[PDB]
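Take a look at this single chain in structure tokens; it is the form deposited in one PDB entry.
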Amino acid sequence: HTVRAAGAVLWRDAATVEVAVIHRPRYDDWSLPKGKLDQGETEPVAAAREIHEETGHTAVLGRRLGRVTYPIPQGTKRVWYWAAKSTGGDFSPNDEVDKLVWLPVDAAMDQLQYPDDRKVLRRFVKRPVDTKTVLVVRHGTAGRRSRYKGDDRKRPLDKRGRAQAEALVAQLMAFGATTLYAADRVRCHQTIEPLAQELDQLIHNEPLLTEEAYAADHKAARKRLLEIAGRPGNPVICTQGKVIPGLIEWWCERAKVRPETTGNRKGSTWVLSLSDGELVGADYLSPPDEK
């Protein structure tokens, strides 16, 4: 049995940056802020909640930093970790967490007592952390293709897919999503419509990013993805199953980035972290209703 948790290396400008290390009186330990997923929570959403609950800080998650596991009475503790840039707040000591110290990486490495937290911190320092983010989303569940030629331009999300679309709002907001783009198919727009209502933002339509256009002109689709990525803000781009794997593989190869996880499920998300226009992380997140 797995106990699922998420946390973060929370950081701010004083690598050279400072990172947050917390102390818990119950264990007398120094460690990284994290906690267990609530019912229906995704890891990124739980990470942001637990940072806020334990440190008092809000944050924007960036690169994923790997997974740690360890034995507990209920079975196995599984913790996924993110880089998270502080967006403000103040720590106040309590019975759960009584100290929080901000330290440069080198000193935080000596403060952290668990080898796996230090392993996480080593990942953190390996690559840039002041990153901008592109979120590539496969649209949610939308029934089965018809017997017709083509892909069914107007086929909508199904009930489950509508629920994925609602659940993706918290998921994508965890990464500071600000701009919205969708391939020219109804089911792509509908997946990011709840987020569009949240942000009060319009969704930019992307005919170059449909399965049909990608198959006809893959180079145009590649050029467009980079064009979207170069704009200010953190874009969400919702497209289709034949399009994403190729685009992600292409970008990872050009950048020599190795994804730690891989998939292509309806409602899944690739978090693409960019520093100075170069890809430094490609993190595949399960659909929000898949564990």
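Don't overthink the numbering: it's just position in the shown sequence, from 1. What we label the rigid core is the largest C-alpha set whose atoms superpose within 1.5 Å from one form to the other.
In what follows, reference is made to the form deposited in another entry, a form of this protein that is not presented.
Of the residues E166, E198, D151, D158, exactly one exceeds or equals a 2 Å C-alpha shift between the shown form and the other one once the rigid core is aligned, and that residue is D151. Core-superposed comparison between the shown form and the other one: the CA of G75 exceeds or equals a 2 Å shift.
Distance between the C-alpha atoms of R147 and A163: shorter by at least 3 Å in the other form than in the displayed form. Inter-residue distance, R147 to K159 (Cα): reduced by at least 3 Å in the other form versus the depicted form.
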